[PDB]
Amino acid sequence: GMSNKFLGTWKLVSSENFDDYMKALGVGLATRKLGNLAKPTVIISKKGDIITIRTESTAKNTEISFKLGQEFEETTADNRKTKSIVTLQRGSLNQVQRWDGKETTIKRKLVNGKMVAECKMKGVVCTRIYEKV
Ligand SMILES: CCCCCCCCCCCCCCCC(=O)O
């Protein structure tokens, strides 16, 4: 299953092409400002087979809880209502969000002790790197 190395508190130390990603998502202007400024902590935890990903920033949180492979309802930080699934592929924790006939993916993998999140929307690709705190 999910490597226990995902578990813990993660801090954003690098982000590339995130504005373009948000723009691809049709994110509102206020949300883009927030997104480009925020340097969130991501907390990954588990209770039995329920995995939780909590994202905390200065004055805004998001949280999802899920079982691998089981679709669930999600309200994203930019307020999309998506049907989402998190799966495990070759150690990569892969999230897909679907809404309005659209699709975006967030793939998280551990690389040299860091967590690398790759976001893709219509060929726009984001990379956000987290270090263990
Ligand atoms: C809740 C703190 C973050 C605020 C960012 C708001 C801008 C909209 C973000 C929507 C998609 C974000 C995906 C981030 C992936 C990650 O690096 O965990």
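**Let's talk about the overall build of the chain**
(1) Moving on: Across its full length, the chain holds two helices and ten strands.
(2) Moving on: Starting at the N terminus and walking to the C terminus, you meet the elements of the chain as β-α-α-β-β-β-β-β-β-β-β-β.
(3) Moving on: In terms of overall dimensions, the chain is globule-like: its C-alpha atoms have a radius of gyration of 14 Å, near the 14 Å expected for 133 residues.
(4) Moving on: The dimensions of the chain, computed from C-alpha atoms along their principal axes, are 40 × 30 × 30 Å.

**Points about the site of the ligand**
(1) Moving on: Surveying the vicinity of the ligand reveals 16 residues, the closest of which are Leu-34, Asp-78, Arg-108, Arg-128 and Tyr-130.
(2) Moving on: One of the side-chain N or O atoms of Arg-128 is found 2.9 Å from an oxygen atom in the ligand.
(3) Moving on: Surface burial for the ligand is 91%, taken as the share of its 540 Å² of free accessible area covered by protein chains.
(4) Moving on: Under a 2 Å grid-point criterion requiring more than half of the atoms, the pocket assigned to the ligand is the largest pocket.

**Some details on the sheet that holds strand β7 (residues 92-99)**
(1) Moving on: Taken in spatial order, the ten strands of this open sheet run β4-β3-β2-β1-β10-β9-β8-β7-β6-β5, and their pairing is antiparallel. The strands lining the two open edges of the sheet, one partner per strand, are β4 (60-66) and β5 (72-75). The sheet shows a mean angle of 25° between the axes of neighbouring strands, taken without regard to direction.
(2) Moving on: In terms of strand pairing, β7 meets strand β8 (residues 102-111) through seven bridges, oriented antiparallel. Across the sheet, residue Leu-93 finds its bridge partner in β8, namely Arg-108.
(3) Moving on: Sitting on the sheet, helix α1 (residues 18-25) touches β1 (8-16), β7, β8, β9 (114-121) and β10 (124-132), and the angle it makes with β10 is about 125°.

About the cut-offs
- Residues numbered from 1 in each chain as written, not as in the entry; some residues may be left out.
- Heavy atoms only, no water.
- Helix = DSSP H or I, 4+ residues; strand = E, 2+ residues; numbered from the N terminus.
- Rg over C-alpha atoms; globule rule 2.2 N^0.38 Å.
- Near = heavy atom within 4 Å.
- Polar contact = N/O pair within 3.5 Å; in protein donor to acceptor, adjacent residues only side chain to side chain.
- Areas by Shrake-Rupley, 256 points an atom, 1.4 Å probe, with all protein chains shown as cover.
- 1 Å grid on protein atoms, 1.4 Å probe; cavity = no way out; pocket = protein on both sides within 12 Å on 5 of 7 lines; lining within 4 Å.
- Sits in = over half its atoms within 2 Å of the grid points.
- Pairing = 2+ DSSP bridges.
- Axes fitted to C-alpha atoms, helices over the stretch in contact; angles between N-to-C directions.
- Contact = heavy atoms within 4.5 Å.

Functional significance is not addressed by these values, which are geometric in nature.
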